[PDB]
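Form deposited without this ligand, single chain, as structure tokens, below.
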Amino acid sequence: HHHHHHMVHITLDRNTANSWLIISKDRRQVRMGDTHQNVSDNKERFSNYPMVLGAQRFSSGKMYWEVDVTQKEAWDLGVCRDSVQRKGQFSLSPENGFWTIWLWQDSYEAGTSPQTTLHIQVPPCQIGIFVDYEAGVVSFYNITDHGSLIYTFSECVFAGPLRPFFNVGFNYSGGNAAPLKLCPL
């Protein structure tokens, strides 16, 4: 790719975080805590899963950011509608307003309905996410493998403003405590 020159400074929105997440002072890192984090509930918070949104809202243009997934067993990354469901159980699909990929149990998959198998030669330590609002495109790039394409959603029905989306995953195993980190441009 050559998408680095549409780079945007993403920060995490504390108010949308699941109440077990810990967001760094600079709002660039998030991890799963071992307990509920002494914050009030609100209607924005994701209740069932360890999810958080970016503070930035996008309704036009080309946006690019990179996330460090080093030493994680499980995560979800991408973008979602500002209007996505926050409470109870839901699937990650374009029908529900999510354009995402994930790692789960040693397999990488795109959040289609049903999910699509990804083919990645070099397990990524850093992921690039590119959104072209006008084109209706969300693409994922493997920064560890010279920016090689992972997956492209096209003809996307954004149907409103978009927010960066993150899931740090559960830590039942004790092997998934590592943070998601937004990487410097």
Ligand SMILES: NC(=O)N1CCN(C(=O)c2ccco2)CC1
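Residue indices: 1-based, along the sequence shown.
If you look for the form deposited with this ligand bound, you will not find it shown, but the lines that follow are about it.
Among residues of the shown chain, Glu155 is one whose heavy atoms approach this ligand to within 4.5 Å in the entry with it bound. Interface residue remark: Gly78 is not counted as part of the site for this ligand in the entry with it bound, having no heavy atom within 4.5 Å. Contact residues in stretch 86 to 103 (any heavy atom within 4.5 Å of this ligand, taken in the entry with it bound) are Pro94, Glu95, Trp99.
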